[PDB]
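# Examination of the molecular architecture
The chain contents come next:
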Number of protein chains: 2
Amino acid sequence: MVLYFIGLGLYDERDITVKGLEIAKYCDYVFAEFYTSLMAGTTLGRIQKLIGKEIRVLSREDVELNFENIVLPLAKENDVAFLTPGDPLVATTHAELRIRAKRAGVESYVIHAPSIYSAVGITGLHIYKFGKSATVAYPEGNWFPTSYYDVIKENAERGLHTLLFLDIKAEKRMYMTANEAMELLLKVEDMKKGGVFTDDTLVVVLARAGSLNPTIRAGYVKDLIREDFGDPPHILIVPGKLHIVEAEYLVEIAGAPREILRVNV
Amino acid sequence: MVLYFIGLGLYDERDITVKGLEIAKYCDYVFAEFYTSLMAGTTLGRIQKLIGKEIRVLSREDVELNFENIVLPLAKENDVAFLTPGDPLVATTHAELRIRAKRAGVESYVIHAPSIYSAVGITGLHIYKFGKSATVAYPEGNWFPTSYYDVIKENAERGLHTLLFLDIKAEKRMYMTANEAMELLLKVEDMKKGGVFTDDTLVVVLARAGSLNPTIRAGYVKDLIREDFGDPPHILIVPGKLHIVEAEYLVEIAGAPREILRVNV
Ligand SMILES: Nc1ncnc2c1ncn2[C@@H]1O[C@H](CSCC[C@H](N)C(=O)O)[C@@H](O)[C@H]1O
């Protein structure tokens, strides 16, 4: 009688922690959601094979509206696991589900897994220098989200880097690319004209983190906006002022223009 | 010809990912460093037994001064693994090691694992609201560093949370407790009087993240300063203004006082 929130990691079924896998194997029922992020290097079948259980996938509605009706009931007489991509409580609203588990008299435990939030360390940018994060959401109807632009502005003014989660429409299988994010940002710039995001802005793209060969690229928007970064998921980063060692890594590992080595102190 | 940076995760020998374990077993030689952080929930012996490999531990000097003489030579003609606590490259000095590998004509790949940076999501605080991060360092001699206090001020001022890594003397295996961190912050406050950290400041303590029984506590400094949060490692967080959902999680999961539901939202 317990509910486990277990993260599956960044890219494939092997990104789950050993602890998570062993626990998942001891569970009676296994549920999961694959709408908060995209695991581009595996399939449900492969995940099911590793765990050795039949995984029942839930939609955003099943979870947000009926988690206490689909999962919690079974957790009262069995050990149940709820699997999610990356880390279960990062950039998701799953934390609140623990409250539902409590109010249902069910004890819950959390098993972490690699998260894109920390995986960005592979870009060479100092993790402690990342400020507030934001999500670039697809505009819909007459609604055109722009809050992420102000986040970049605020962080940049403080010399902090900005991590930009990219939008996803799992049911429509739509995964926003870094290219699309840049296009949207250039549009917001023309509107607000704050000089926050332009063709000369240095950005960093990380695609398919977790894979053995993720795409890590750094350069100016004018140069990368049309570059092919490979299959999704993608994450976009707008660095603040760089430390010399950050610039060196971007040049040596992410193929950034050598001119950025010359920092303006 | 290959060097694999493999994260060991948060607390014990099972926090490594399945991918990291299989690759560690696949490698011919395995090195590891325990100076950027420690794995408090296990021992070198237990890690070795899990991997089934002899593990050569490296000191900060071994790595910072002689990485290219100790690790890379073998990586040139063999598959070599370099284990680090948490997620590789979160520690600021790890990144440049990939440049050294490049210089020596050695390929390198990163296998991620959970980091405390993302693991803080278990506190119920929204990850996007975390701003710049900082480390609380023990004062010594005539040196009293206090930049971490300023980090809190700047973050809180913008309604952002502040993750505070607590000092660790890896070699001496000594951990700064949240209690000691709170006392230091109160001292800094008494010196700067910026009204950033007082007895009425709401803080969150996360101890032994990764274990199945971490200590998650939230409350005002005046009540938590002498509380026993259990064995290390301890992490201190000074949240900024809270979203009602964050506050409710702290009350329901971290035993925070109901007062935060009206004072800190
Ligand atoms: N492997 C990966 N590579 C690049 N971006 C990734 C990624 N995994 C997730 N993301 C990014 O983050 C978004 C999902 S947000 C949910 C994140 C998840 N809980 C975690 O811990 O990683 C995606 O739309 C994408 O922009």
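Residues numbered from 1 in each chain as written, not as in the entry; some residues may be left out. Chains lettered and ligands numbered in written order. Heavy atoms only, no water.

Attention now goes to the site of the ligand. Residue and element names in this part refer to chain A. Taken together, the neighbourhood of the ligand is formed by 19 residues, with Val90, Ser115, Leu166, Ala209 and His234 sitting nearest. For the ligand, the accessible surface in isolation is 550 Å², of which the surrounding protein chains cover 97%. Every element with two or more residues in the shell around the ligand is listed here: β7 (162–166) and β12 (234–238). In the shell around the ligand, the residues fall into eleven nonpolar, six polar and two charged. (Near = heavy atom within 4 Å. Areas by Shrake-Rupley, 256 points an atom, 1.4 Å probe, with all protein chains shown as cover. Helix = DSSP H or I, 4+ residues; strand = E, 2+ residues; numbered from the N terminus. Nonpolar A, V, L, I, M, F, W, Y, C, P; charged D, E, K, R; others polar.)

For the rest of this paragraph, the subject is the domain arrangement of chain A. Residues and elements named next belong to chain A. The assigned domain composition of chain A is domain 1 (1–114) and domain 2 (115–265). Spacing between the C-alpha centres of domain 1 and domain 2 amounts to 29 Å. With 15 residues of domain 1 at the interface, the matching set in domain 2 holds 15 residues. Note on domain 1 versus domain 2: buried area summed over both sides is about 1,100 Å², and carbon and sulfur give 72% of it. On the domain 1 side of the contact with domain 2, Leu10, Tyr11 and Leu38 bury the most area, a combined 49% of that side's loss. Our count for the contact surface shared by domain 1 and domain 2 stands at zero salt bridges. There are one residue pair in polar contact connecting domain 1 and domain 2. (Domains from an automatic or database assignment. Contact = heavy atoms within 4.5 Å. Buried area = accessible area lost by both parts, 1.4 Å probe. Salt bridge = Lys/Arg side-chain N within 4 Å of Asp/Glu carboxyl O. Polar contact = N/O pair within 3.5 Å; in protein donor to acceptor, adjacent residues only side chain to side chain.)

Let us look at the relation of the copies chain B and chain A. Note on the chain copies: they are related by a rotation about an axis and a translation along it. Of the two same-sequence chains, chain B is brought onto chain A (RMSD 0.9 Å, axial shift 0.0 Å) by a rotation of 180 degrees. Taken together, the rotation angle and the small translation identify this as a two-fold axis. Interface residue correspondence from chain B to chain A reaches 87%, placing this contact among same-surface, isologous pairings. (Least-squares fit on C-alpha atoms.)

In this section: the packing of aromatic side chains. Residue and element names in this part refer to chain B. Summed over the entire model, instances satisfying the criterion amount to nine aromatic pairs over all chains. Both rings, one in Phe5 and one in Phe67, keep their centres 6.5 Å apart while their planes meet at 25 degrees; by these two values the pair is stacked. Within this pair, whereas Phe5 is found in strand β1 (residues 2–7), its partner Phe67 is found in helix α3 (residues 60–70), the two being separated by 62 residues in sequence. A relative accessible area of 0% means that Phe5 is categorised as buried. What makes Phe67 buried here is its relative accessible area of 0%. Aromatic side chains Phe5 and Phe82 sit 5.8 Å apart centroid to centroid with 90 degrees between the ring planes, which places their arrangement in the edge-to-face category. A residue pair is termed long-range when its members are at least 10 positions apart, and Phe5 in strand β1 and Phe82 in strand β4 (residues 79–84) qualify at 77 residues. By relative accessible area, which is 0% here, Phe82 ends up buried. (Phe/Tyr/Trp six-rings, centres within 6.5 Å; stacked < 30°, edge-to-face > 60°. Buried < 20%, exposed > 50% of the residue type's maximum accessible area, 1.4 Å probe, protein only.)

Let us look at the sheet that holds strand β3 (residues 55–58) of chain A. Residue and element names in this part refer to chain A. Taken together, five strands build an open sheet; the order of strands is β3-β2-β4-β1-β5 and the sheet is parallel. Each of the sheet's edge strands pairs with one partner strand only, and the pair in question is β3 and β5 (108–111). Taking each pair of neighbouring strands and ignoring which way they run, the sheet shows an average axis angle of 25 degrees. Where strand β1 (residues 2–7) and β5 come together, four bridges link them in parallel fashion. (Pairing = 2+ DSSP bridges. Axes fitted to C-alpha atoms, helices over the stretch in contact; angles between N-to-C directions.)

Residue and element names in this part refer to chain B. Burial runs high along strand β2 (residues 29–33): four of the five residues are buried. Of the pairings in the sheet, the one linking β2 to β4 comprises four bridges and is parallel in character. When the bridges of β4 are listed, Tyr29 appears paired with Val80. Two strands pair when backbone bridges link them, and β2 and strand β3 (residues 55–58) are joined in this way by four bridges, in the parallel orientation.

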